[PDB]
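Undergrad: So I pulled this structure from the PDB, and the sequence comes with it:
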Amino acid sequence: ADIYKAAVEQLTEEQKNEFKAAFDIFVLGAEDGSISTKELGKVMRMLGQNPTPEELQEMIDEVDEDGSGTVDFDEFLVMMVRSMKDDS
Ligand SMILES: [Ca+2]
């Protein structure tokens, strides 16, 4: 339980702040006060990444459990935690 959550807790103030901060900045007019695979994209490449529009939907579809493809202040710190071991 709480597999990625325990990881988002070991993050650094530079990561938690950049997340919520970049989120609100990218949530401006977002689909629903959040950043779904369609909004997180431009928000992910800015954190130091460059995935594709195809793996994006599948990425959340794996961590998400509602079938919405949205990532508010929660699935963002979780989906980014898996990318830490997906490239290592
Ligand atoms: Ca979701």
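TA: Thanks, I have it. Numbering: from 1, shown residues only.
Undergrad: what helix or strand does the residue nearest to the spatial centre of the chain sit in?
TA: Computing the C-alpha centroid of the chain and ranking residues by Cα atoms, centre = their mean puts residue 76 first, at 2.5 Å. Assigning secondary structure by DSSP states H and E places residue 76 in helix 75-86.
Undergrad: about what we covered before: and the residue nearest to the centre of the chain, how far from the ion?
TA: 10 Å (Cβ to the ion, to the nearest Å). Yep, even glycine has a C-beta here, placed from its N, CA and C like the rest.
Undergrad: Where does the residue nearest to that residue when sequence neighbours are not counted fall, secondary structure wise?
TA: Leaving aside its chain neighbours, residue 76 sits nearest to residue 19 (5.5 Å; criterion: Cβ to Cβ, 6 or more residues apart in numbering). According to DSSP H and E, residue 19 maps onto helix 13-27.
Undergrad: could you give the angle of that helix to helix 75-86?
TA: 130 degrees (axes from the mean of the first three to the mean of the last three Cα atoms, to 10 degrees).
Undergrad: Helix 13-27 - contacts with which helices or strands?
TA: For helix 13-27, the elements it packs on are helix 37-44, helix 75-86, judged by 3 or more Cβ pairs under 8 Å, 6 or more residues apart in numbering; DSSP states H and E.
Undergrad: Can you tell me which residues in the protein are near the ion?
TA: Listed as neighbours of the ion in the chain under the rule Cβ under 5 Å from the ion: 64, 68, 70.
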